[PDB]
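Colleague: Here is the input, now give the coordinates:
(one chain, ligands or ions: 1)
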Amino acid sequence: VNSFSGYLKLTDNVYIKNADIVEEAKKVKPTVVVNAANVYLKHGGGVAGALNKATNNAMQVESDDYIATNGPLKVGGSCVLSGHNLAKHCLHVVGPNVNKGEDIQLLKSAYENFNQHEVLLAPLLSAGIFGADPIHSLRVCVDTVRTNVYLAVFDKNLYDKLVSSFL
Ligand SMILES: c1coc(CNc2ncnc3nc[nH]c23)c1
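Modeller: Residues are numbered from 1 along each chain as shown. The relevant structure is shown in the block below.
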């Protein structure tokens with residue numbers, strides 16, 4: 001049993017809810033929240049801008065030190081940093097950005113990072129400001145992630161379309 005409430009069960013391991021990921025993290029304080037990161041960990045907008053704002057910019061300060069030491073992530077890659085006031089850990093995952101011309105085949109590699117964690121609160125990778133089709137992102141998630149993933153989809157309209165169209 002875990003603390004996640006109000007989710008629709010899609011599969012053995014994948015759950016979904018119309019919820020802003022920021023407010024969900026603050027309520028649950030999950031072990032792992034996933035950020036929709038870019039390779040520079042520049043948390044300007046979308047999910048990343050919203051979680052960084054909720055940490056009062058502490059996520060960005062930690063991220064800048066990480067990049068100064070290690071250099072940029074890979075598209076499809078990840079790193080584990082603090083969850084600050086939102087979670088124990090934040091898993092920063094880089095899905096391909098269609099609005100930068102990145103290979104959508106990298107979306108499966110991105111979701112494979114989730115398998116290193118038993119339970120996660122996450123957004124749909126490459127959705128929102130990253131330009132991919134969220135229906136596709138949900139299909140790759142279900143077909144790639146084997147650990148228990150709780151998805152927070154804020155756009156009520158999109159949530160209803162994801163559920164209605166789910167095979
Ligand atoms: C209300 C509208 O957006 C938010 C911040 N959370 C958020 N932003 C963007 N994409 C999201 N996906 C889940 N939660 C998200 C709150």
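Colleague: for residue 48, helix, strand, or coil?
Modeller: Secondary structure for residue 48, judged by DSSP: H, G, I helix; E, B strand; the rest coil, is helix.
Colleague: what's the lengthiest helix in the chain packed up against?
Modeller: Determined from DSSP state H, the single longest helix within the chain is helix 58-70. Secondary-structure packing of helix 58-70 (3 or more CB pairs under 8 Å, 6 or more residues apart in numbering; DSSP states H and E): helix 46-54, strand 78-82. Just so you know, the C-beta spots here come from the backbone N, C-alpha and C atoms, and that holds for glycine as well.
Colleague: hmm, that helix in reach of the ligand?
Modeller: No - between helix 58-70 and the ligand, judged by CB under 6 Å from any ligand atom, nothing touches; the nearest distance is 13.8 Å.
Colleague: Just the C-alphas of that helix, formatted as CSV.
Modeller: What follows is helix 58-70, C-alpha atoms only, in CSV (Å, rounded to 0.1, in the frame of the first residue of the first chain):
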residue,chain,number,x,y,z
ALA,A,58,16.9,25.7,-4.8
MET,A,59,16.5,23.0,-7.6
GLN,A,60,18.2,25.4,-10.1
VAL,A,61,21.0,26.2,-7.7
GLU,A,62,21.7,22.5,-7.1
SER,A,63,21.4,21.8,-10.8
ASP,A,64,23.9,24.5,-11.8
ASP,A,65,26.5,23.0,-9.5
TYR,A,66,25.7,19.5,-11.0
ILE,A,67,26.3,20.8,-14.6
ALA,A,68,29.5,22.7,-13.6
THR,A,69,30.9,19.4,-12.2
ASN,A,70,29.6,16.8,-14.7
